[PDB]
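1. got the complex split up, this is the first portion:
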Amino acid sequence: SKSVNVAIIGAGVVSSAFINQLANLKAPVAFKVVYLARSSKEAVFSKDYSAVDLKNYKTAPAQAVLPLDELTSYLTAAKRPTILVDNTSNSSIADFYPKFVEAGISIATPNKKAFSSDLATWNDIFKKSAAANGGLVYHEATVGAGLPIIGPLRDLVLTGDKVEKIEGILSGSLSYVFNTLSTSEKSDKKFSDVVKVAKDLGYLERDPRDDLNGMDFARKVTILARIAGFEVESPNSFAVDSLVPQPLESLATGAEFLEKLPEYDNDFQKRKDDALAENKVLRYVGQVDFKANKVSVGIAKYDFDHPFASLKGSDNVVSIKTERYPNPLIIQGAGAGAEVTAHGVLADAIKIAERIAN
């Protein structure tokens, strides 16, 4: 009986999986899609706020995309509780989050641009969200896709627990590289060989240096740190050890990087064998250490029986050590993928709907 209006701004397979899960959703609160941008130029919507048929939105009559200023006024004029679903990674759309929040529009998004920018933007979003009639901001899918990381961490902070240590493998592609490369047994597999097979399997982009610089990893560490109380200024304000070797960053094309990368496999082989000599595996981790007053993203060593040393494939994992959890809360699973990301976004949008629908 209760209902909310939904505006979907998507592009790729995450948006396609979200619409399909939304169309097949059987829930108490009803969702009515009034705006759906298929690409960066087309959008499906009616002047009378008629429901967009999610079964045939791909062939429905489309118009030019409403600018963010005009989309806000369009959604406000319906006089209904509305949720904005930002299924992109667009920095421009993320810059418009404060305007959406003031106008009473709620946001459910996997985009982490607005949450891993400057600290001022972070404080600005949630201050206007806490204000009267401010929209709700749920962003569980920004860290670990549908894994329950941000939600349980916010409940920890809200009820009075004090977090002292957050460790995590928050990149599916880089988790695959190190789990395939560094185990508890002797191995001769080369760093460049696993990078090249991870690229053609789909874990790394066609140019792997976008994933190997650890910047996307650092954005997720910034989000968890700010939720936990470690108020980081930006993902550039702490140490992020890029996996790209220094003399290979100026190369313009990916083929030149993949051609020169194998000449650094000797340096990685010795480092992996050096840690194996002291009975440890290598892992590319992000750490929020309140005790050490340190936030960092880089390679670390872990004992053979450590939970991180038994990760398989591209599984993500996060370890949350707090005052009430001397032994840390550990959550692991698939941290990426179209369906699991769309699940995290839809779960957030349902929680918002239960709170604002009428």
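-> Noted; the coordinates are in hand. Numbers count the residues shown, from 1 in each chain, chains lettered A, B, ... in the order given.
2. can you confirm residue A:319 is in a strand?
-> Yes: applying DSSP: H, G, I helix; E, B strand; the rest coil, one finds residue A:319 inside a strand.
3. Identify the residue nearest residue A:19 in space, chain neighbours excluded?
-> residue A:54 (5.5 Å; Cβ to Cβ, 6 or more residues apart in numbering). Where C-beta positions appear, they are placed from N, C-alpha and C, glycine not excepted.
4. how would you label the one you found: helix, strand or coil?
-> Applying three-state DSSP: residue A:54 is coil.
5. Show the contacting residues for it.
-> When contacts are counted by Cβ atoms under 8 Å, 6 or more residues apart in numbering, residue A:54 touches A:19-20, A:22-23, A:33, A:36.
6. Same question for residue A:177.
-> A:191, A:194-195, A:198, A:203-204, A:284.
7. Could you do residue A:20 as well?
-> Counted by Cβ under 8 Å, 6+ apart, residue A:20 has contacts A:54, A:342.
8. Residue A:10 versus that one, what's the distance?
-> 11 Å (Cβ to Cβ, to the nearest Å).
9. Residue A:121 against residue A:127, yeah?
-> No: between residue A:121 and residue A:127 there is no contact under Cβ atoms under 8 Å: 10.7 Å.
10. Tell me which of these two has more neighbours.
-> residue A:121 (17 against 12; other Cβ atoms under 10 Å).
11. Ignoring the adjacent residues along the chain, who's closest to the residue nearest to the spatial centre of chain A?
-> Most central in chain A under Cα atoms, centre = their mean is residue A:142, positioned 2.7 Å from the mean C-alpha point. Nearest residue to residue A:142, sequence neighbours excluded (Cβ to Cβ, 6+ apart): residue A:112, at 4.0 Å.
12. roughly how far apart are residue A:6 and residue A:31?
-> Residue A:6 is 5 Å from residue A:31, by Cβ to Cβ.
13. before we move on, what about residue A:24?
-> Relative to residue A:31, and taking Cβ to Cβ, residue A:24 is found at 12 Å.
14. and if you look at residue A:151?
-> 20 Å.
15. So if I had to pick from those two, which one is more boxed in?
-> More crowded of residue A:151 and residue A:31, by other Cβ under 10 Å: residue A:31, with 21 against 16.
16. and chain B on top of that:
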Amino acid sequence: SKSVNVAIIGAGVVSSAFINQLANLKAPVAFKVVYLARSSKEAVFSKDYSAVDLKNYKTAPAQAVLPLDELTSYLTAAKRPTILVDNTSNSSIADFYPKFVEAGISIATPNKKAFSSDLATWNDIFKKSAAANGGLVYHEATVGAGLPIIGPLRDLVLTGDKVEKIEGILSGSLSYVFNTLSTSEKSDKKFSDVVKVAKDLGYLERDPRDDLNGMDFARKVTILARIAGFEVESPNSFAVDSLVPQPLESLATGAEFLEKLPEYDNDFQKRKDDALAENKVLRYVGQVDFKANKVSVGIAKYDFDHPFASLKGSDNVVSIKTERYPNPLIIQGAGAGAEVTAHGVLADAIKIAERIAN
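-> Okay, here's chain B dropped in alongside the others:
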């Protein structure tokens, strides 16, 4: 600015841990406690619904507790959104949940008696909850205390994911004994000596057979199965391999049972030492197998690399394999304790207040 009325029913260490966490809460929703039952005979409440001072409820003028039928009328007469916090294990208040829910009173509790009984009681509670003006029912603290298990599992079922395999260690007591009695090495430590430690170390209660029959384990498995769609009739509808030998069940004293347990110390030694030759570790797990259409609670052999083979003492763990998670979602951490249980109840209460307050 917005608020709900709260009626707290409690007893011992969890109730005091919850009241302290609620007294120091800095949340956007206000909680006005209009009824606080300290013991089974004394309660603090006023004719005018005056708020109970949470820092002085112990040294306040107390009245006789209101019977359940009359407590419901007292709470509904205020015409305010109300949450009942049931910090007990009492079976009479659990039986009254349908009356609480139909009256519009929401419930947040760690008491699993209402959720681990007959299947007709389970459907009745959530049908009256789903009905118009029905109270919300949040019970995350029933399985794994404050660990995020029921929440995430409800979400993926709600968004259309198909569960196919749930495994879990759900007893801190039984997790301890099986961790310090079955490893990848080789141990002559016998079954009685491990139990004798927890016999008087607070892990096991006065009568060790209470935490060895696996019935509390079976209660939590029943809850997870019903959430995921395996509608179990009762915890006595599937196999529960009690660790208490049958000839020892007839004894009336826990000390007399423990002294004749070493008769089977060599039988478990045979069980333990043999599984090691198979490169397997013995763990006491609960399983919800949708493919085999079977629920069970008992001993099972697990590999050395399996996550269940390296648990930190009494840490609980749950594994959820679904259509979207071929590699299962795994959540582990402390599954018991007054502060972490109270946190699970408080986080649920906050989620309820976010949905009903005005």
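17. what's the residue nearest to the centre of chain A in contact with, if anything?
-> Counting by Cβ atoms under 8 Å, 6 or more residues apart in numbering or on different chains, residue A:142 makes contact with A:109-112, A:115, A:150, A:220, A:223.
18. swap the cut-off to 10 Å and go again
-> Residue A:142 makes contact with A:109-116, A:149-150, A:219-220, A:223-224, A:341, A:344-345, A:348 under the criterion Cβ atoms under 10 Å, 6 or more residues apart in numbering or on different chains.
19. what does residue A:87 give?
-> By Cβ under 10 Å, 6+ apart, the contact set of residue A:87 is A:8-19, A:37, A:108-111, A:141, A:341-342, A:345.
20. Which helix or which strand is home to residue A:117?
-> Using DSSP states H and E, residue A:117 falls within no helix or strand.
21. Oops, could you answer that again for residue A:167 instead?
-> In this assignment (DSSP H and E), residue A:167 forms part of strand A:163-169.
22. tell me which residues of that strand are tucked away?
-> Neighbour-count burial for strand A:163-169 flags A:163-169 (criterion: 16 or more other Cβ atoms under 10 Å in any protein chain shown).
23. ok, residue A:57 - contacts?
-> By Cβ under 10 Å, 6+ apart, the contact set of residue A:57 is A:8, A:19, A:23, A:33, A:36, A:38, A:44.
24. quick one: which of the residues you listed is nearest chain B?
-> Distances from chain B to the contacts of residue A:57, taken as Cβ to the nearest Cβ, are shortest for residue A:23 (10.2 Å).
25. strands paired with the strand holding residue A:167, and their directions?
-> strand A:280-289 (antiparallel), strand A:315-322 (antiparallel) (DSSP bridges).
26. With only the CA atoms kept, save the longest one in PDB.
-> Coordinates of each C-alpha in strand A:280-289 appear next as PDB, following Å, rounded to 0.1, in the frame of the first residue of the first chain:
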ATOM      1  CA  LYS A 280      54.100 -15.600   5.900                       C
ATOM      2  CA  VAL A 281      52.100 -14.800   2.800                       C
ATOM      3  CA  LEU A 282      51.900 -11.500   1.000                       C
ATOM      4  CA  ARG A 283      48.600  -9.600   0.800                       C
ATOM      5  CA  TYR A 284      47.700  -6.100  -0.500                       C
ATOM      6  CA  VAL A 285      45.700  -4.800   2.400                       C
ATOM      7  CA  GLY A 286      44.200  -1.500   3.700                       C
ATOM      8  CA  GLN A 287      44.500  -0.700   7.300                       C
ATOM      9  CA  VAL A 288      42.800   1.900   9.600                       C
ATOM     10  CA  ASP A 289      44.900   1.700  12.800                       C
END
